[PDB]
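A.B. asks: Experimental structure and its sequence below.
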Amino acid sequence: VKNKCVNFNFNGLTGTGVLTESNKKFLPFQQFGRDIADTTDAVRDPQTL
Amino acid sequence: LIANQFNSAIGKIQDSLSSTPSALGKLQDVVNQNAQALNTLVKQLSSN
Ligand SMILES: *[C@@H]1O[C@H](CO)[C@@H](O)[C@H](O)[C@H]1NC(C)=O
């Protein structure tokens, strides 16, 4: 579910927030991204990549 | 003569401000200090 404030548990990465479609381009081995201050800001879905 | 000197001084002041990326360091230091303090405060959350 997207565009809503909902909890998530993505491959052990747990958190609360709103999930939106992003324009970033992970390499095909990375699972989730981080910000400058080591804050989770993007996640690759394990079933849709 | 005084008017010409005044105009030349103003022009030189603008040129000095434009062609020197170190004149405004006093405000840049404050901005950097605030941003770095916020960054350190946020990064402190990742410590056990
Ligand atoms: C199994 O994994 C692939 C790769 O993530 C995914 O495309 C597929 O939908 C999965 N099968 C499911 C969720 O039934």
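C.D. replies: That came through fine. Numbering: from 1, shown residues only, chains lettered A, B, ... in the order given.

A.B. asks: Please count neighbours and contacts with C-alpha atoms only from this point.
C.D. replies: Noted.

A.B. asks: Quick check: residue A:3 touching residue A:19?
C.D. replies: Yes: between residue A:3 and residue A:19 there is a contact under C-alpha atoms under 8 Å: 5.7 Å.

A.B. asks: who has more neighbours, those two?
C.D. replies: More neighbours surround residue A:19 than the other of residue A:3 and residue A:19, with 17 against 10 (other C-alpha atoms under 10 Å in any protein chain shown).

A.B. asks: Tell me who's in contact with the more buried one.
C.D. replies: By C-alpha atoms under 8 Å, 6 or more residues apart in numbering or on different chains, the residues touching residue A:19 are A:1, A:2, A:3, A:4, A:5.

A.B. asks: mind redoing it with 6 Å?
C.D. replies: A:2, A:3 (C-alpha atoms under 6 Å, 6 or more residues apart in numbering or on different chains).

A.B. asks: what's the distance between it and residue A:45?
C.D. replies: Distance of residue A:19 to residue A:45, given as C-alpha to C-alpha, to the nearest Å: 11 Å.

A.B. asks: where does residue A:16 fall, helix, sheet strand or coil?
C.D. replies: Under DSSP: H, G, I helix; E, B strand; the rest coil, residue A:16 falls in the strand class.
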